[PDB]
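**Student:** Starting off with a structure, shown below.
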Number of protein chains: 4
Amino acid sequence: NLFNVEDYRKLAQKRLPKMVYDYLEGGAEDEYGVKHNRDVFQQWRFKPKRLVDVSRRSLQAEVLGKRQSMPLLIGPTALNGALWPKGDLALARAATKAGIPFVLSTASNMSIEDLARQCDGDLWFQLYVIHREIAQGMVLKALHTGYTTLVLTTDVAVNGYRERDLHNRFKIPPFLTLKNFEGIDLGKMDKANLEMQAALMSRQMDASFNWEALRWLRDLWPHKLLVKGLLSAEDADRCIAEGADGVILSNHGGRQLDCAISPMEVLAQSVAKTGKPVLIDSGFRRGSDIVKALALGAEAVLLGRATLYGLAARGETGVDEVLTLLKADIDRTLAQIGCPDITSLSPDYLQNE
Amino acid sequence: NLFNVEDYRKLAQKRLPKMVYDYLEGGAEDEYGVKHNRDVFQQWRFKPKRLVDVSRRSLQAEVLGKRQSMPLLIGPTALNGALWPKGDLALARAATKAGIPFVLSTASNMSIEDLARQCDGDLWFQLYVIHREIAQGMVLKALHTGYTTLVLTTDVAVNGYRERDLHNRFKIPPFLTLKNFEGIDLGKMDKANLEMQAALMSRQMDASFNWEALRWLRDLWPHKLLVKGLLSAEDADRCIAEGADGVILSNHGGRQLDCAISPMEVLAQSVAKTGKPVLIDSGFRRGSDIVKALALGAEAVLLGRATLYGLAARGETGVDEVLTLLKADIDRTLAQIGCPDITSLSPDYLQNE
Amino acid sequence: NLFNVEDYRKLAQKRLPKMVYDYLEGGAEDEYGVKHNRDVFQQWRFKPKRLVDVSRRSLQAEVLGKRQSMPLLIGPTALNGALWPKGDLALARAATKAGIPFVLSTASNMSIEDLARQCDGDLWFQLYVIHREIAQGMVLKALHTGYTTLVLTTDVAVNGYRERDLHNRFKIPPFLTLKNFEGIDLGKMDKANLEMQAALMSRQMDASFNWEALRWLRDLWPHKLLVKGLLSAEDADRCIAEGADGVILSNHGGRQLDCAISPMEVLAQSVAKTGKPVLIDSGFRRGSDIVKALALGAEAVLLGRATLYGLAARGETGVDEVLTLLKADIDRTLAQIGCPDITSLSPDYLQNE
Amino acid sequence: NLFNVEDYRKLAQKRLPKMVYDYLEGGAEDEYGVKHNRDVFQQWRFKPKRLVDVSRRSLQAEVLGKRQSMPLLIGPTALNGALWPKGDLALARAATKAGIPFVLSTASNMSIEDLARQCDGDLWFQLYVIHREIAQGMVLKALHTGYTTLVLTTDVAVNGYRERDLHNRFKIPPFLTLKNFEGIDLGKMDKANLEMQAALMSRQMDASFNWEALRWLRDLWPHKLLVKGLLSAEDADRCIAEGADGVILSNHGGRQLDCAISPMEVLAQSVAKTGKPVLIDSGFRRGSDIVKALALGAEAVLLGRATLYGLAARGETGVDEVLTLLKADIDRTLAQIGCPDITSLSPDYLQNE
Ligand SMILES: Cc1cc2nc3c(=O)[nH]c(=O)nc-3n(C[C@H](O)[C@H](O)[C@H](O)COP(=O)(O)O)c2cc1C
Ligand SMILES: Cc1cc2nc3c(=O)[nH]c(=O)nc-3n(C[C@H](O)[C@H](O)[C@H](O)COP(=O)(O)O)c2cc1C
Ligand SMILES: Cc1cc2nc3c(=O)[nH]c(=O)nc-3n(C[C@H](O)[C@H](O)[C@H](O)COP(=O)(O)O)c2cc1C
Ligand SMILES: Cc1cc2nc3c(=O)[nH]c(=O)nc-3n(C[C@H](O)[C@H](O)[C@H](O)COP(=O)(O)O)c2cc1C
Ligand SMILES: O=C(O)[C@@H](O)Cc1c[nH]c2ccccc12
Ligand SMILES: O=C(O)[C@@H](O)Cc1c[nH]c2ccccc12
Ligand SMILES: O=C(O)[C@@H](O)Cc1c[nH]c2ccccc12
Ligand SMILES: O=C(O)[C@@H](O)Cc1c[nH]c2ccccc12
């Protein structure tokens, strides 16, 4: 009985080792954040437009100018290989088969190059900056291997206090490795090359990365660039002013700061202020959640745990299934509210509760 | 111990096969919609008018100009024959005995003609449009058989995702049939007559039926015509502009779109804008729910599951009982708030919570 | 362990026959009303005034011009004899010992005269009108026996639908009788005297009693007169205009209409509009509930179930105990908020939540 | 598994005798107050400032002009010796080791002098006034022994009705004594000296202590003076007008008046009106609670039960641990919201929910 994302979560919890399941499902501190990410969607209800011809519906939509089957993406998530063998590839392939982009995490279990070589869909690369020099290396790799978009994640200055991992003393599975970091020279005896090892043996990122650093990166990357982790129209506007082609409003699926607002709380305002593509994630599970954000102006929604449940439960076929249900879910919702074309969504179909 | 509608639900759940019970009680997706339909009534409380002579009370009221014992109706519900033998007839007879209208669903287990022949109460016909041509046939049948009012249901462009039926793999009982469709010629070898079979072997409706189509129907039907499934003062106003004699605000008892607003949320506004009869359903279980909607301007309330619980629990006598309790409930409520005449209800007796 | 009213309820439920307990604790329909009566008190919180000399506190206060130990009264409740032997007397004596009034219900188990003969405290008489003629008789009896105040209860036009009694098929204990009605001549063969029996064998009241009838009563009774059962500043104002010396805002302890507002919701407005004594009841259990209403302008609070729990649990000594705890509770609360004199309470010490 | 304050509470409940645990954890009456103290923090959520260099963070801050490691203090709590041997000393030492002040309660199990002799950190003395004369004695003792700050607690005019202690018939452990009162002469046969014994054998305080009395105290104490127990910007402003150097907004950890507002409800207003140091306590458990109050203008937060859980669970080492976790918690939170310097906190980083 697999008819929604929740059913896949249930199945995933039965198949995953508790430790891994907690790594996946867990949130920061009390986990009031993740609950909030879910609850915030009830602040809006639908006001369908009747007697509208919805016999022919369309979910197609442009994201940053490029058309894709639907306004969805499989967002960047670390250690997918722990959920299922070659998890990263299984995800990218289901995404490509669904006609939507896939974002490879800097902390993936499959390197930037190997994926690009084994998958021809639209690949995006999410970037964390541990060491500026090493950062430039990955960016260039992703560039030379055909990744169309770069995403800078900024909400992990320091690691979120996730008590589930603490209790379980979570440890990256032995057979898994941070493949994008493998090979990084450790022979040089001079300056860097040694302070670099300091960063490399340090599971902590460059907390100094600031606006000036964003400029640096904007020059390095010539294609579409997005800043992820924003929770304010002000920050989103600055990102656009500094060169970003768009932003991703999110609270990292409630895994960084338990009391962070839901990005849904600043979506309309960010959309109105930036005048540029505003994507979003964190809390999405139902097609209705997705449509509400879209109706509010979001350009597209990135899926995090949702598709991961499909991966953990049934691997690649599982992701396909989740993507299928969600597409059907979205389509069904568009029909129900009388908005046959997904690109015509607006605040009109919503009611503030 | 049968003193309220809830008691009948309990009894019905004990007598119905789980599968049928779920078909009856179930809602869309998470079923937050049905819960909401119930909760919305707590947003209003009573402010009784004391020292008012309520020794002589009257529940009589005109609905679309015709007087009936009380502002209630047994709304259109499909597959009543699955709840109890000849369920459709049992309902129409209890309605007629109570002095209120009965609405026969396009998907009833008893045909338009047979009911009209076995029942002389005020019969209304609810219409779904699968095939325009077949639609015209039923409308004319209902017309020639004496049905006084036609109701076009518009919130089923596509079928609601009702997960209870999915888990149970619900299937229309073998001994039951969609009687209003039986007999529809299947011999013609030409154009229609074959594309018609396409609609007929397709448990899916004409999602293209739009405002232009409403005009078509308005000409075909010469008597009172209502549009059901509206959830906005705007749509209700358009319906009036297009010819409708009134509208029925509803979210299909939370069975079509889980996140739909409750029609109670747009009742006052629809009443103020249309200046025409505004009926309502979805969530009604207590006389107090009914009075609140009436106090807000509703012309009458259509009962869905409430009377069905009486049917499933004790057949025709069960419906009589439910109608009796509710009438007593309403009467008792009118007395309590100091409004002896139901036609004098107004926002005055309410308090926004 | 008896330290609050709730502890007495617990004890009372252990000693009372379920049937009687349900008669006492029960409310109308779903009983959302009684829950609401309790919850409404959380809409206000205290803002104590520090460094105020509260070494000498005073709970004394005038009620309708007459001073009493504290702004409390044991309100009118029917069938007290079912809770404990000679319940009516036990209550009046504890009230008198506490220095506050006691209100005898028209439906008491001890007649107006017998109580007045066995108790010298301040006795008030609550009146229900079944038959105008019989009503005049009781009023005059209460008048000639020294009752200082008359209270007309108006929220029982018809009896509240209390499902607990329905399930239990509640029946007035055999050894108990409606003593204020006993003796009423049944010999006359003429007009009244026979239509009177119609009222007397009818556990239903005069639902016609209106404003004109209030005038009638205002002339009959020469002393202090209050109208009980009001739930609107408008009705309270009319009562004053018609002669009442004050009013009692209440929803009959949530026993008449489940969806009625809490009188706390219209207390400030009634106080501001009438410019006359506004008393209140329904939901009071803690001293803090009492102080909040007092701070809002209430002249005094009538206790219903609270003192009855003391009666049912430990008879007369039980009521004394409840009154003692509550007085200590109130006193302690006054001290805590820095208002040493109960007559100085005002909206200042409150915070709208 | 000790990763947060709650874990220490759990451990403390397993090690403490129920009676003592209830004395520590318990609140007034229904204990809606303590729940409220916790819930009020959800009325605010964070809006992090991204791409801010937080590689170098600072929690240092001035409190009343004196710098300390972080804006925290271990507040005054009575009978710490009942939670753990020499509890008072264990607390002061952990506080001193953490670089923050410690406040000794008038009702401590270790006298003002002994502590000052065994601990060289910044010691503050909280004062209750039972007898003015005895009060002056303790103040002078604290003065001559080096206590830098005096804190007058005003929310215990009378003792809070704490039903847990009532049920348990709580009694101060035999081996424990109110050491600051020990030795107080009981030989004098004259006036005071006998009315003093009246206060001394009276576990009740001087409820008359008013503003005039505050003036008296302001002259007596030459150093920093704070008034604790305030719940209104008005009272805080008066305190400043009367000489106070600052105030401590608090409801005594919900132990005095169950329906008291949370001091968080008047923090911003008190900060805006007084223009002077406004400290706060009551309900703090997470670093996020602390940052929210700080962001709202609080000068520092006093810990009550939080550090006591560490004491009861693991003595002095337990307190160190709690202080360590909280410091790490605060630091981590500052980083997450993009405010590297704790002294730069402002309403900007908050979102009203
Ligand atoms: C197991 C797991 C690992 C994650 N790893 C990363 C990562 O490596 N890079 C990144 O930018 N975001 C990371 N995220 C955050 C996601 O990109 C996304 O913001 C989040 O999951 C959205 O919320 P949702 O899970 O409710 O959909 C991770 C989330 C989860 C659940
Ligand atoms: C078992 C069941 C079948 C239904 N079938 C139909 C139908 O055939 N035509 C229609 O117009 N509405 C249909 N409805 C919707 C009802 O007309 C009505 O809008 C709804 O039940 C109102 O909500 P309530 O059940 O809370 O009263 C159905 C509802 C139920 C519960
Ligand atoms: C067992 C019971 C019997 C009652 N009988 C009467 C009555 O005879 N006359 C009347 O005026 N009110 C009557 N009341 C209502 C009370 O006067 C009062 O309004 C109500 O109890 C207040 O609410 P509380 O119970 O929460 O205090 C009754 C209430 C209870 C619980
Ligand atoms: C066991 C216990 C004893 C207390 N004793 C005192 C005292 O002697 N003097 C004082 O000023 N406050 C006293 N308080 C109140 C605290 O100073 C502080 O206001 C309160 O604990 C803050 O709330 P929290 O426990 O949620 O942090 C006490 C609190 C507790 C829990
Ligand atoms: O919460 C998150 O998203 C990160 O902690 C993932 C993450 C796990 N191991 C890493 C090594 C370097 C950079 C990021 C990671
Ligand atoms: O939810 C509803 O109300 C419909 O699905 C009922 C329904 C069940 N079988 C049908 C065949 C044709 C038209 C409508 C129906
Ligand atoms: O709810 C209430 O307060 C009344 O029903 C009490 C009540 C019980 N038996 C009666 C006979 C005559 C008048 C009132 C009563
Ligand atoms: O709740 C509180 O904080 C006080 O009751 C503590 C307290 C306990 N015993 C005492 C003796 C004298 C002064 C205060 C106390």
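Order determines the names: the first chain of the structure tokens is A, the second B, and so forth; residues in each chain are numbered 1 upward, and ligands are numbered 1 upward as they are shown.
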For the interface of chain C with chain D (cut-off 7 Å, counting only C-alpha atoms), please tabulate each contacting residue of chain C alongside its nearest pair of atoms and their separation in Å to one decimal, rows sorted by chain and increasing number, as a tab-separated table.
**Tutor:**
```
residue	atom	partner	partner_atom	distance
C:1	CA	D:167	CA	6.2
C:45	CA	D:259	CA	5.1
C:46	CA	D:260	CA	4.5
C:47	CA	D:231	CA	5.8
C:48	CA	D:231	CA	6.5
C:49	CA	D:235	CA	7.0
C:50	CA	D:154	CA	6.5
C:51	CA	D:210	CA	4.2
C:52	CA	D:210	CA	5.1
C:53	CA	D:208	CA	4.0
C:54	CA	D:207	CA	5.4
C:55	CA	D:207	CA	4.5
C:335	CA	D:157	CA	6.9
C:336	CA	D:257	CA	6.7
```
**Student:** For ligand 1, collect every residue having any atom at a distance of at most 7 Å from a ligand atom (counting only C-alpha atoms and all ligand atoms); output as a list in words.
**Tutor:**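 After applying the 7 Å limit, what remains is residues 23, 24, 25, 75, 76, 77, 78, 79, 105, 106, 107, 108, 126, 153, 228, 250, 251, 252, 253, 254, 281, 282, 283, 284, 302, 303, 304, 305 and 306 of chain A.
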**Student:** What's around residue 272 of chain A at 9 Å? Count only C-alpha atoms, leave out sequence neighbours fewer than 5 positions away in its own chain, and write the answer as JSON, numbers by chain.
**Tutor:** {"A": [233, 267, 297]}
**Student:** Within 12 Å of residue 137 of chain C, counting only C-alpha atoms, which residues qualify if same-chain residues fewer than 5 places away don't, as a list in words?
**Tutor:** residues 106, 112, 127, 129, 130, 131, 132, 142, 143, 144, 180, 181, 183, 184, 185, 217, 220 and 221 of chain C
**Student:** Applying 7 Å and only C-alpha atoms, which residues near residue 300 of chain A remain after dropping the ones on its own chain fewer than 4 positions away? List them as a compact mmCIF listing (two decimals) with N, CA and C atoms, in the first residue's frame.
**Tutor:**
```
# COMPACT_ATOMS: atom_id res chain seq x y z
N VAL A 63 12.48 26.85 -15.35
CA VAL A 63 13.18 27.05 -14.10
C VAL A 63 14.48 27.71 -14.54
N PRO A 71 7.76 21.80 -12.01
CA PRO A 71 8.49 22.67 -11.09
C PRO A 71 9.03 21.94 -9.85
N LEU A 72 9.77 20.86 -10.05
CA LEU A 72 10.36 20.11 -8.94
C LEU A 72 11.81 19.76 -9.22
N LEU A 279 13.32 29.86 -5.41
CA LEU A 279 12.98 28.45 -5.24
C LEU A 279 12.89 28.18 -3.75
N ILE A 280 12.33 27.04 -3.39
CA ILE A 280 12.14 26.73 -1.98
C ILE A 280 12.11 25.23 -1.67
N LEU A 294 3.95 27.32 -4.96
CA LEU A 294 3.95 27.76 -6.35
C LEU A 294 2.95 28.92 -6.51
```
**Student:** Atom CA of residue 327 of chain D and atom CA of residue 312 of chain D, how far apart in Å?
**Tutor:**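 Computing it gives 19.8 Å between the two atoms.
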**Student:** Running DSSP on the backbone, which parts of segment 71-232 of chain B land in helix (DSSP H, G or I), as a PyMOL selection string?
**Tutor:** chain B and resi 80-82+87-98+112-118+132-144+163-168+195-200+211-220
**Student:** Enumerate as a list in words all residues of segment 239-269 of chain B assigned to strand (DSSP E or B) by DSSP on the backbone, naming them with the chain letters and numbers the document uses.
**Tutor:**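 Assigned to strand (DSSP E or B), within segment 239-269 of chain B: residues 246, 247, 248, 249 and 260 of chain B.
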**Student:** Figure out the distance between atom CA of residue 249 of chain D and atom CA of residue 268 of chain D, please, to one decimal in Å.
**Tutor:**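 Atom-to-atom, atom CA of residue 268 of chain D and atom CA of residue 249 of chain D are spaced 10.9 Å apart.
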